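Trainee: Structure below; questions to follow.
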Amino acid sequence: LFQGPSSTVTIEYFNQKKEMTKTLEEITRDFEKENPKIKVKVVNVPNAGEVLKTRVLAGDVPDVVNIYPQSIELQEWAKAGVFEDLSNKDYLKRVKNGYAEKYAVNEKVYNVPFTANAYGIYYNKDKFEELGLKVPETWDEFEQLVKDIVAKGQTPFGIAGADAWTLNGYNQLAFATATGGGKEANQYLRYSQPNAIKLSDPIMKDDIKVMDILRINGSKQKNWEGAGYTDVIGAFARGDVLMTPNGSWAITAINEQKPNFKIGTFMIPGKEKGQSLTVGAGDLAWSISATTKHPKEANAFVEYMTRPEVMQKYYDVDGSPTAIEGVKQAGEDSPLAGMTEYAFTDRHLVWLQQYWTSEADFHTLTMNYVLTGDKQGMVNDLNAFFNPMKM
Ligand SMILES: [Cl-]
Ligand code: NA
C-alpha cells in the first residue's frame, strides 16, 4: 500500500547567535508545546558562516536561517532565489516601519530582522557627574569634552590599537555625519569615481576633524598602541578611561568585569545638534529556504518569534534593540539607552559595508590614522581600498 509520511514535521533552525542558544532553545520548546506536531532542530556549528556557504552551494539549505541581512551572501542568495519572498507576510508588519525594507533585494524582503546592533560611545556616568561633564551634542563639543577630561587629569578614551575593527563604526559615523547620512557617505566613498577622494574635499576635512578627536594629546591610555579589545573593555570597566567607542555588543563584556559605576552610552554627534547618528544591522535575523519541504512550519516558527511576548523572552536576556513592535524595552537608565534612542529610525544607519566588497582594510586605514596622523596617507588608503570596487 501507499505509505504517507510521518505525522510530525521536523525543521532546522540554523543559528548564528551561539551565545543566546539556550534562550533560543527554550523559546523553541515553547513553540513545540503550542505546536505538538512540529519539531525544530536548533543547529549551532563552529565557523557557521563558512558552513552555510558550503551547505547553500551544495543545495542543503536549512529551513530557517539566521543570516545577517547586510551580508553579500544574503543579497546574492536572495537574487538567486535561495530564500522565500517574505514581503507579503502579515507577520512582517510587526517589524518597525521601513526597517526590513533596508535590506530588500529587487524591492522584496527576504529577511526578518528581529534585533540589530548599534554603535556609539560608552561613558562613565559617575565620573562625568563628579567632573561636571556632559554628553557632547556636536563635533565641537566632543573635542572640548576630550580636552576637558585631559585637563582634569584623567584619560578620555580606551582605544584598542591592536584591534582596528573597534573603530569601524567610529569612522563610518564620521563620514555619515559629515555627508548627511549613510547613502551620502557611500556616495562620497564607494560610488564616486576612482581616485575621487581628495584631501582638499570638505567632506574629507570633516572626517579628519572627527578622527582627530581620537588624536588629542593625552586622549588615550598608556600603551594603547598594542592594546586589544579585552584590554579596553577592562580599562573602561575599571574606571581607568572615561569612554570607549564600540558596538552594543560590548556591554556584555563590560558587565562581566564588575564595574563600580553607572554605564551610559551616547551617539557620536553631528556638526549641528540633532544630527547625531548610529550604525548597525540585523543580528537575530531570519530567512526561510525557498525550497523547504515544510513551508507552513518554517513560516510558523518565524511568525512565533515576531509575537511581542515571545520576542520579549529573547530581548530580556540579550538586550540588543529590537525591531519587533510591542516589546517593552529597557528604560532610559539602561546602559545602551543613549546609543539606541533612535534605533530603527533614519538615524540608525545600516553598516556601510552592505555595499562594499570587504571591510578589513577600512578598519586598518582608520586605526593607522589614529596611530600616525598621516592625512594624505589616509586619503591614499581610502582610494586604494575603494578603487577596486569601482571597476
Ligand atoms: Cl594619546
Ligand atoms: Na507595524
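Chain labels A, B, ... are given in the sequence in which chains occur in the C-alpha cells; within each chain residues are numbered consecutively from 1, and ligands are likewise numbered from 1 in the order shown.
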Show me which residues line ligand 2, defined as having an atom within 7 Å of a ligand atom where only C-alpha atoms and all ligand atoms count, and present them as a PyMOL selection string.

Mentor: chain A and resi 93-97+325

Trainee: Identify, counting only C-alpha atoms and all ligand atoms, the protein, DNA and RNA residues located within 6 Å of ligand 1, and give them as a PyMOL selection string.

Mentor: chain A and resi 217-220

Trainee: Which one of A:210, A:54, A:149, A:99 sits closest to residue 132 (chain A) if you count only C-alpha atoms?

Mentor: A:149

Trainee: Do you know which residues are at most 6 Å from region 153-170 of chain A counting only C-alpha atoms, after dropping those on the same chain fewer than 4 positions away, and could you put them as a compact mmCIF listing (two decimals) with C-alpha atoms, in the first residue's frame?

Mentor:
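Ended up saving to out.txt:
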```txt
# COMPACT_ATOMS: atom_id res chain seq x y z
CA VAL A 146 38.08 65.27 25.47
CA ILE A 149 38.95 65.41 30.64
CA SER A 219 43.33 61.38 24.92
CA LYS A 220 44.24 57.66 25.07
CA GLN A 221 45.51 55.25 27.67
CA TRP A 224 47.13 51.88 23.74
CA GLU A 225 49.09 51.16 20.55
CA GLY A 226 49.28 47.46 21.37
CA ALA A 227 46.02 47.18 23.32
CA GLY A 228 43.35 44.69 22.39
CA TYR A 229 39.56 44.70 22.78
CA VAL A 232 39.92 48.44 26.65
CA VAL A 241 39.35 55.54 30.97
CA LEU A 242 36.11 57.55 30.90
CA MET A 243 34.91 56.46 27.45
CA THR A 244 35.37 53.87 24.75
CA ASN A 246 32.37 50.40 20.43
CA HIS A 363 39.43 49.20 9.74
CA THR A 364 43.17 49.30 9.16
CA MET A 367 43.38 52.83 13.14
```

Trainee: For residue 348 (chain A), which of A:121, A:151, A:145, A:116 is the closest residue, counting only C-alpha atoms?

Mentor: A:116

Trainee: Pick out the closest residue to residue 344 (chain A) from this set: A:115, A:366, A:376, A:138. Count only C-alpha atoms.

Mentor: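 Using only C-alpha atoms, the shortest distance to residue 344 (chain A) belongs to A:115.
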
Trainee: Please return as JSON, numbers by chain: the residues of region 106-318 of chain A that backbone DSSP assigns to strand (DSSP E or B).

Mentor: {"A": [108, 112, 113, 115, 116, 119, 120, 121, 122, 123, 124, 157, 220, 243, 244, 245, 246, 247, 263, 264, 265, 266, 268, 277, 278, 279, 280, 282, 285, 286, 287, 288, 289]}

Trainee: Which residue out of A:279, A:337, A:199, A:349 has the minimum interatomic distance to residue 377 (chain A) when only C-alpha atoms are used?

Mentor: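 Using only C-alpha atoms, residue 377 (chain A) sits closest to A:199.
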
Trainee: Would you mind writing down, as a PyMOL selection string, each residue of region 125-321 of chain A that DSSP on the backbone assigns to helix (DSSP H, G or I)?

Mentor: chain A and resi 125-131+139-151+164-179+182-189+202-215+224-226+229-238+250-255+295-306+308-318

Trainee: Within 12 Å of residue 181 (chain A), counting only C-alpha atoms, which residues show up once you throw out same-chain ones fewer than 3 positions away? Write them as a PyMOL selection string, please.

Mentor: chain A and resi 172-178+184-188+270+275-279+345-352

Trainee: Using only C-alpha atoms, which of A:114, A:122, A:314, A:142 sits nearest residue 239 (chain A)?

Mentor: A:122

Trainee: At a cut-off of 9 Å, can you tabulate as CSV every residue of region 16-71 of chain A near region 354-362 of chain A together with its closest atom pair and the distance in Å to one decimal, using only C-alpha atoms and ordering rows by chain then number?

Mentor:
```
residue,atom,partner,partner_atom,distance
A:69,CA,A:354,CA,8.6
A:70,CA,A:354,CA,4.8
A:71,CA,A:354,CA,6.2
```

Trainee: So that each row is one residue of region 63-131 of chain A with an atom at most 12 Å from region 289-311 of chain A, can you give its shortest atom pair and the distance in Å to one decimal, using only C-alpha atoms, rows by chain and rising number, as JSON lines?

Mentor:
```
{"residue": "A:63", "atom": "CA", "partner": "A:289", "partner_atom": "CA", "distance": 5.1}
{"residue": "A:64", "atom": "CA", "partner": "A:298", "partner_atom": "CA", "distance": 6.3}
{"residue": "A:65", "atom": "CA", "partner": "A:289", "partner_atom": "CA", "distance": 7.5}
{"residue": "A:66", "atom": "CA", "partner": "A:302", "partner_atom": "CA", "distance": 10.7}
{"residue": "A:67", "atom": "CA", "partner": "A:289", "partner_atom": "CA", "distance": 11.4}
{"residue": "A:74", "atom": "CA", "partner": "A:289", "partner_atom": "CA", "distance": 11.7}
{"residue": "A:77", "atom": "CA", "partner": "A:289", "partner_atom": "CA", "distance": 10.2}
{"residue": "A:78", "atom": "CA", "partner": "A:290", "partner_atom": "CA", "distance": 9.5}
{"residue": "A:79", "atom": "CA", "partner": "A:290", "partner_atom": "CA", "distance": 11.8}
{"residue": "A:80", "atom": "CA", "partner": "A:290", "partner_atom": "CA", "distance": 10.4}
{"residue": "A:81", "atom": "CA", "partner": "A:290", "partner_atom": "CA", "distance": 6.9}
{"residue": "A:82", "atom": "CA", "partner": "A:290", "partner_atom": "CA", "distance": 5.5}
{"residue": "A:83", "atom": "CA", "partner": "A:290", "partner_atom": "CA", "distance": 4.4}
{"residue": "A:84", "atom": "CA", "partner": "A:290", "partner_atom": "CA", "distance": 4.3}
{"residue": "A:85", "atom": "CA", "partner": "A:290", "partner_atom": "CA", "distance": 7.9}
{"residue": "A:86", "atom": "CA", "partner": "A:299", "partner_atom": "CA", "distance": 9.4}
{"residue": "A:89", "atom": "CA", "partner": "A:303", "partner_atom": "CA", "distance": 9.0}
{"residue": "A:90", "atom": "CA", "partner": "A:303", "partner_atom": "CA", "distance": 8.8}
{"residue": "A:91", "atom": "CA", "partner": "A:303", "partner_atom": "CA", "distance": 5.8}
{"residue": "A:92", "atom": "CA", "partner": "A:306", "partner_atom": "CA", "distance": 8.0}
{"residue": "A:93", "atom": "CA", "partner": "A:306", "partner_atom": "CA", "distance": 9.4}
{"residue": "A:94", "atom": "CA", "partner": "A:306", "partner_atom": "CA", "distance": 6.5}
{"residue": "A:95", "atom": "CA", "partner": "A:306", "partner_atom": "CA", "distance": 7.8}
{"residue": "A:96", "atom": "CA", "partner": "A:306", "partner_atom": "CA", "distance": 11.1}
{"residue": "A:110", "atom": "CA", "partner": "A:289", "partner_atom": "CA", "distance": 9.7}
{"residue": "A:111", "atom": "CA", "partner": "A:302", "partner_atom": "CA", "distance": 10.0}
{"residue": "A:112", "atom": "CA", "partner": "A:302", "partner_atom": "CA", "distance": 8.1}
{"residue": "A:113", "atom": "CA", "partner": "A:306", "partner_atom": "CA", "distance": 9.7}
{"residue": "A:114", "atom": "CA", "partner": "A:306", "partner_atom": "CA", "distance": 7.3}
{"residue": "A:115", "atom": "CA", "partner": "A:311", "partner_atom": "CA", "distance": 9.4}
```

Trainee: From the set A:387, A:144, A:109, A:284, which residue has the shortest atom-to-atom contact distance to residue 19 (chain A), counting only C-alpha atoms?

Mentor: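 Counting only C-alpha atoms, the residue closest to residue 19 (chain A) is A:284.
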
Trainee: How many Å separate CA of residue 192 (chain A) from CA of residue 390 (chain A)?

Mentor: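 That distance, rounded to one decimal, is 8.0 Å.
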
Trainee: Applying 10 Å and only C-alpha atoms, which residues near residue 209 (chain A) remain after dropping the ones on its own chain fewer than 3 positions away? List them as a list in words.

Mentor: residues 139, 140, 143, 174, 178, 203, 204, 205, 206, 212, 213, 214 and 215 of chain A
